[PDB]
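In structure tokens, one chain follows: the form deposited in one PDB entry.
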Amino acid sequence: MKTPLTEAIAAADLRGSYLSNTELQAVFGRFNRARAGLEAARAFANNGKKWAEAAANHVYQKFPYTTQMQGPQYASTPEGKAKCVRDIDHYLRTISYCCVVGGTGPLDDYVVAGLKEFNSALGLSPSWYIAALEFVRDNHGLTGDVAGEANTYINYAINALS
């Protein structure tokens, strides 16, 4: 998949030239955010399970039909509910990868070139996952630079599902 480093080398290789100082300065300056993105990667790995399970609960309360209705796409069973926390934990895992990379690549390949394609042959609602992500955005308790990265990718995923 793509990262801004893989993109910058790919572009400079296509025109057969070295990376100029200005292209090389945008690699020097993204090491401030990538240091912050490594604390966010270590924060997501620490509380991800509990955040995902707490996020699942909010969705169940916000959309009570999901826990009582039919059964193919609905969390009517305790097995279906387990699958919801796993689906949510997966977003949190992909968002952590984006923070380590300093780009949207991991999400671009999971949601845009992934989820938005086959959900026509599944029928789950994006709103269930936007609410889950809004809950983890407003309840993670992260600092400043660390919060910056986590909130950039959580918000990119929310909008990718739009």
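Note that residue numbering follows the sequence shown and begins at 1. The term rigid core refers to the most C-alpha atoms you can superpose between the two forms while keeping them within 1.5 Å.
Below: the form deposited in another entry, not depicted.
K.L.:
After superposing on the rigid core, which residue among 54, 131, 38, 112 shows a C-alpha displacement of 2 Å or more between this form and the one not shown?
P.N.:
It is 112.
K.L.:
Would you say residue 72 moves its Cα by 2 Å or more between this form and the one not shown, aligning on the core?
P.N.:
True for residue 72: a C-alpha shift of 2 Å or more.
K.L.:
Please check if residue 143 moves between this form and the one not shown, taking a CA shift of 2 Å or more relative to the superposed core as movement.
P.N.:
No, because once the rigid core is superposed, the C-alpha of residue 143 moves less than 2 Å between this form and the one not shown.
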